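[1] mind folding the following:
(one chain, ligands or ions: 1)
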Amino acid sequence: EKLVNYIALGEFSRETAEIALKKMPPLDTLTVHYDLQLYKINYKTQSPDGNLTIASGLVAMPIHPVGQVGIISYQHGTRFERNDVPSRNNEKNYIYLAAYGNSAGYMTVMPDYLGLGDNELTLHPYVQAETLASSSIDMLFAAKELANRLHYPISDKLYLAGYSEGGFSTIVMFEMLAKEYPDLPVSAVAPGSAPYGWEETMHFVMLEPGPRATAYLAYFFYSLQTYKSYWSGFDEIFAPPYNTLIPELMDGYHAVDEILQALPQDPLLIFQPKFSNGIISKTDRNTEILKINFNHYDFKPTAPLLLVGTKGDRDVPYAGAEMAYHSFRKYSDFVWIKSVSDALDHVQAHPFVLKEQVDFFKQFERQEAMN
Ligand SMILES: [Cl-]
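    Numbering: from 1, shown residues only. Dropping the coordinates below:
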């Protein structure tokens, strides 16, 4: 049993959902059909060190479903604040509930991730494949336990989506489900604007830095060194005073705009030159283990797969999505790639990408369907 405890958080109405959708075109074109009941859950999963840890997330259940209810597991993007995660259901979370739950009618399952929400680990293991995958799978299983306890019948339809860091989480979750849980059917998978490829992503974020690049890299290397100690210490990685500022900024209680204002726009300024150059040149002594963590685009998909993003992305390289697409196509014809724009950026494109995800899942909902 993974489910440890839960708390009812009240309802999320059609009317509240409609207001949220209207704020984020093109999602305003979705029709709302349901009110949802919300639960915050806590569940058992493994830490980066392979110990038991109790993590949190949100489950949202359409009330009075007209059809049999499929599950969508939605993996959120980068969060620097402990409490800005789905189990808190703040207004920024509403669009996910509105689109997937109130409109699409899916039981919507949203992990917080380790180091966030109620989890006692002090720091999120950021873009770390092993635990993003296991924490998301264990959340799904715990959510299914909740539905069983509440006599909420669900179908066997299962959809996996996410954005940004969560696009990566979605891909690694998919891989691990296929490997470790081969008898659990997955219906469709649609990672949104994910980072693909260690070299591709490092080059883009370090040398073509968009507005959040320094923050992403600070989070990534601070978290990786914290959990894995691949380098001698933080001062090998980070130039002063960022070696001590970054740990403060990443405490879970700094607003993301404050983090972005405290860090330079050019990520090279936060690193020792030796270190950053070694990463870029793949001459860092840890390059092989870094590639193992990052590179998850060479496995056989066991469900229809849509890689959806924006060619306008300045946060993660669209070239990485193109590379991943060709890699996955070696294994399956049921693989597609879609750009929602030539110029919308990572943030602007988000509601367009969400709309594509919902539409993709609906395509696979309405075939191969049996009670
Ligand atoms: Cl690589």
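[2] how many neighbours does residue 255 have?
    Neighbourhood size, residue 255 [other CB atoms under 10 Å]: 11. Heads up, the C-betas are built off the backbone N, CA and C, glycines and all.
[3] let me see the contact set for it.
    residue 81 (CB atoms under 8 Å, 6 or more residues apart in numbering).
[4] who in the protein is up against the ion?
    Proximity of the chain to the ion is confined to 198, 199, 291 under the rule CB under 5 Å from the ion.
[5] restricted to buried residues, select the residues you listed in ChimeraX.
    Buried members of the residues of the chain next to the ion, defined by 16 or more other CB atoms under 10 Å, are picked up in ChimeraX with:
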select :198,199
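[6] now distance to residue 164 and secondary structure too, for the residues of the chain next to the ion, in TSV please.
    As requested, the residues of the chain next to the ion are arranged in TSV below (distance: CB to CB, whole Å; DSSP: H, G, I helix; E, B strand; the rest coil):
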residue	distance to residue 164	secondary structure
198	17	helix
199	19	helix
291	20	helix
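[7] name whatever forms a beta bridge with the residue nearest to residue 12 when sequence neighbours are not counted.
    Computed as CB to CB, 6 or more residues apart in numbering, the closest residue to residue 12 that is not its neighbour in sequence is residue 36, at 4.3 Å. Beta-bridge partners recorded for residue 36 (DSSP bridges): residue 12, residue 62.
[8] closest one of the residues of the chain next to the ion to residue 249?
    The closest of those to residue 249 turns out to be residue 198 (CB to CB; 24.3 Å).
[9] ok so, going back, verify the contact between the residue nearest to residue 12 and residue 102 for me.
    Yes. Counting by CB atoms under 8 Å, residue 36 does reach residue 102; the two are 6.2 Å apart.
[10] which residues does the residue of the stretch 251-371 of the chain found nearest the ion contact?
    Going by CB to the ion, the ion is nearest to residue 291 of the stretch 251-371 of the chain, at 5.0 Å. Counting by CB under 8 Å, 6+ apart, residue 291 touches residue 198.
[11] next: residue 108.
    Per CB under 8 Å, 6+ apart, neighbours of residue 108: 36, 58, 59, 60, 72, 74, 96, 97, 100, 101.
[12] out of the residues you listed, which sit inside strands?
    In this view, the contacts of residue 108 that belong to strands under DSSP state E are 36, 58, 59, 60, 72, 74.
[13] contacts only, for the fourth one.
    Put plainly, it is residue 60. Contacts of residue 60 by CB under 8 Å, 6+ apart are 12, 36, 37, 38, 39, 97, 101, 107, 108, 109, 110.
[14] did I read that right, residue 159 in a helix?
    No. Assigned with DSSP: H, G, I helix; E, B strand; the rest coil, residue 159 falls outside any helix and is strand.
[15] any idea how far it lies from residue 259?
    Applying CB to CB, to the nearest Å, the value for residue 159 to residue 259 is 32 Å.
[16] higher neighbour count, the two?
    Set residue 159 next to residue 259 and count neighbours by other CB under 10 Å: residue 159 wins out with 27 against 21.
[17] identify the bridge partners of the more buried one.
    residue 72, residue 188.
[18] looks like it contacts residue 174 (just checking).
    No. Using CB under 8 Å as the test, residue 159 is too far from residue 174 to be in contact (10.9 Å).
[19] let's check: the centremost residue of the chain is which one?
    Central residue check for the chain by CA atoms, centre = their mean: the C-alpha nearest the mean position is that of residue 166, 1.3 Å away.
[20] so it sits right up against residue 193, yeah?
    No. Here residue 166 lies out of contact with residue 193, judged by CB under 8 Å, at a distance of 9.1 Å.
[21] show me where the stretch 201-350 of the chain has its strands.
    Taking DSSP state E, counting those that start in this stretch as the criterion, the stretch 201-350 of the chain carries its strands at 305-309, 335-339.
[22] would you mind finding the most buried of those strands?
    strand 305-309 (a mean of 27; mean count of other CB atoms under 10 Å).
[23] now do the domain split for this protein, please.
    Residue ranges for the domains of the chain, per curated CATH domains: 1-201+296-371, 203-295.
[24] point out the most buried one among these.
    Greatest average neighbour count among those goes to domain 1-201+296-371 (a mean of 20), per mean count of other CB under 10 Å.
[25] confirm residue 190 sits in a helix?
    No. According to three-state DSSP, the state of residue 190 is strand, so it is not within a helix.
[26] just confirm it contacts residue 363, I think it does.
    No. Residue 190 is not in contact with residue 363 according to CB under 8 Å; the separation is 10.3 Å.
[27] residue ranges for the helices of the stretch 101-250 of the chain, please.
    Using DSSP state H, counting those that start in this stretch, the helices of the stretch 101-250 of the chain run over 129-149, 165-180, 198-207, 213-228, 234-237, 242-249.
[28] let's have those helices in a markdown table, adding distance to residue 281.
    Formatted as a markdown table, the helices of the stretch 101-250 of the chain follow (distance: least, CB to CB, whole Å):
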| stretch | distance to residue 281 |
| --- | --- |
| helix 129-149 | 23 |
| helix 165-180 | 23 |
| helix 198-207 | 10 |
| helix 213-228 | 16 |
| helix 234-237 | 16 |
| helix 242-249 | 21 |
